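Have a look below at one chain only, the form solved without this ligand, in structure tokens format.
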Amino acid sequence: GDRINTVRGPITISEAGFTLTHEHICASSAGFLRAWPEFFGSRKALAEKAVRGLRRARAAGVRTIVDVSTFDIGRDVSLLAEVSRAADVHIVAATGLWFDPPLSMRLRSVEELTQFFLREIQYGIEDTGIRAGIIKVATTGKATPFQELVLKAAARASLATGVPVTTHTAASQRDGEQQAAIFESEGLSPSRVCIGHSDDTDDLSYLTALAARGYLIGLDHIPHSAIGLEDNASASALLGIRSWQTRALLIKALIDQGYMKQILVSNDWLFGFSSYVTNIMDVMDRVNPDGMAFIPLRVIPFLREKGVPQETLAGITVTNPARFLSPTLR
């Protein structure tokens, strides 16, 4: 556990630096960007845009982002490597499955899925040699049967490799509780696990109860808000109507209850988005022109102003990610 795999190769733990742990270059679907790149203008336009945003995040102090796009989010690790080199920002790539698995995934056993995630972690994604550094999974409410298999296989792959697991939840449904039960049924340590989208809820008791058990709490939706666009239903459905300040005060709340070491903060931002309504990216970029720089430009100052010490901010944004990403065998 002394090296993190990025899309440009292994980096030391101290090279990671200021890290965003839940981001995407592009949220799409398996095969889609290569089949229909004109949906994003062109592949070149998408890449140029990503590099712009990554360069601006780098200017604001971001050294590493974790791209948590799985196979079924249309992860294109060749694009990641390209924009990582061009922008000079480390990108950690993901294996796992999110909630749009095709038939050839859906029909697979826990054992088969375990071999797939291990392939992507140990040997490399597709034919690239680029090894994942994290496993993403997802529920949206109670796990479907397949989703239980995915979580169990993610737990098996993490135990074999030391690589952490990170989750999508419907927080309003307290998904993290079922996710934790499943992971613990496989003997996975809660410190290997980030329960994500957790700022979608204001149920602080749900959150501290998980952190108390050792889970990392991913407060990765801070800039996601449809305030001012409440008449755009597709945006409000996606973003919620809770303000960024409300979401950020959960970070303080967790800190005040003694759980600073369990917190991971991010934007869940992206430069293309095909797996929602057309032209959604335009809406999102109007909502948050800072994009991935929103955390270092708006959130960290806001917290500091509300009296969060520098030291605690550095812990959350540098230390916790390093601990989380360092591959760590039981």
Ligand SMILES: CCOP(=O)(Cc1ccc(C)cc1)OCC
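When you see a residue number, it is the position in the sequence shown, counting from 1.
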(request) Could you settle it for me: does 157 to 165 or 236 to 244 have the higher average Cα B factor in the PDB entry? (result) 236 to 244
(request) Between 310 to 318 and 18 to 26, point out the one with the higher average CA B-factor as the PDB entry records it. (result) 310 to 318
(message) Looking at 227, 97, 89, 79, which one carries the largest C-alpha B-factor according to the PDB entry?
(response) 227
(request) Report the option among 185, 104, 84, 115 whose CA atom has the maximum B-factor in the deposited record. (result) 185
(request) Pull the Cα B-factor of residue 303 out of the PDB entry and bin it into the chain's lowest, middle or highest third. (result) highest
(message) For the chain shown, is the CA B-factor of residue 123 in the lowest, middle or highest third of its modelled residues?
(response) middle
(request) Looking at the entry's B-factor column for C-alpha atoms only, identify whether residue 281 ranks in the lowest, middle or highest third of its chain. (result) highest
(message) Based on the deposited C-alpha B factors for this chain, I'd like to know if residue 6 is in the lowest, middle or highest third.
(response) lowest
(request) Can you work out whether the C-alpha temperature factor of residue 71 puts it in the lowest, middle or highest third of the chain? (result) lowest
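Form solved in complex with this ligand: not shown, discussed below.
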(message) My question is simply whether residue 318 lines the interface with this ligand in the entry with it bound - judged by any non-hydrogen atom within 4.5 Å.
(response) yes
(message) Is residue 60 near this ligand? Define near as a heavy atom within 4.5 Å, in the entry with it bound.
(response) yes
(request) Decide whether residue 30 counts as a contact residue for this ligand in the entry with it bound under a heavy atom distance cut-off of 4.5 Å. (result) no
(message) So, residue 300 and this ligand: in the entry with it bound, are they within 4.5 Å at any heavy atom pair?
(response) yes
